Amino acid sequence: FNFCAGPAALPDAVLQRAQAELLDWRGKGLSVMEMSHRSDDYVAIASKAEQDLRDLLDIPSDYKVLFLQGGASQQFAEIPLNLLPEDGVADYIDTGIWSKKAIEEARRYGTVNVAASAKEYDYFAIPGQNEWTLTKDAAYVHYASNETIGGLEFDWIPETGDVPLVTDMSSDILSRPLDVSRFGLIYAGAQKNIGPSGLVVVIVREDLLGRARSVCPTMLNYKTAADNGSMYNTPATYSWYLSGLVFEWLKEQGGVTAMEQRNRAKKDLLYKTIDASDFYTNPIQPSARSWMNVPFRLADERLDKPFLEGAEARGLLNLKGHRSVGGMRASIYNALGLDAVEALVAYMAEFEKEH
């Protein structure tokens, strides 16, 4: 039971599958690691991963789906490099640490307008859109769907008229249905629900491609990736394959509709437990409580060490909160079942009783 915020737990079945065929994929005598990315076998693996992702999220045909490298952090530069004209303005929304890192990298490429900030609510809530100061002809509006450390998540899709929406969904993509047509670009570092580290998925409106500024590297150009099936150069071949295994696994589990029902029940159970007493606390207003990342603290912080030691004594790993916040944090991505949250909540009850 691995509650780590990222890289995240992979489903057992996915790792078992990758393991069983690691030396000899489909009896061909080759690891997927040993495959040329231009071989028929690898092309079919890659094309199927792309298609399975379109199927999962019902991605419209006028979106490109890219499998890139460099982590979500590299997108903080790739987005304005591709989508922000040199004299333009980008709107950014600040809801915590990751949306602030995106902001900082964009300033190096042009003018950023920070159109809203959760600091007015001490990051316990997201400012409603009526408080936003959007720029009329902004090149795009950027926000982080889910702040992994802060446990703060959009339940809703911002209305921005004709300005393309751009969203970091690294930590909650594929956790529930998603109306992709609302967005100009969706991206996700894979190490939460998609899969293996390094890999990044970018889902982008075709009509937004082709305007990368001249200083954008070829390898950071969306149109170049799109035009070459994410194989302009050598891709992260094993990582791309693994994410394919995850997409297949997701489909067999009942897709994003099923993840929604499961993730809602998981999130409800843990929040119910925390809200029950004043021994555990989560200060995030219900309207923006993340389904994926659940920070909480104990009333008496002197009990942190015992809590974590006991948690590790049970099978409940990596509940330690990010050092910026302290306390605890249960990350409960797609790969974690209700049994995981059941076991956590059972220990939390046992612990409260003794203390």
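Numbers follow the displayed sequence, beginning with 1.
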{"property": "Residue range whose averaged C-alpha B-factor is higher in the record, 270-278 or 212-220", "result": "270-278"}
{"property": "Between 306-314 and 292-300 (mean CA B-factor, as deposited), the higher", "result": "306-314"}
{"property": "Most elevated Cα B-factor in the entry, residues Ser243, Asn263, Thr148, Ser197", "result": "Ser197"}
{"property": "Residue, from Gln75, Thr167, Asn228, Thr135, that the PDB entry assigns the highest Cα B-factor", "result": "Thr135"}
{"property": "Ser36 - Cα temperature factor, lowest/middle/highest third of chain", "result": "middle"}
{"property": "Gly88, C-alpha B-factor rank within chain (lowest, middle or highest third)", "result": "highest"}
{"property": "Within-chain third of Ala18 by Cα B-factor, per the entry", "result": "lowest"}
{"property": "Within-chain third of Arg182 by Cα B-factor, per the entry", "result": "highest"}
{"property": "B-factor third for the C-alpha atom of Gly327 within its chain", "result": "highest"}
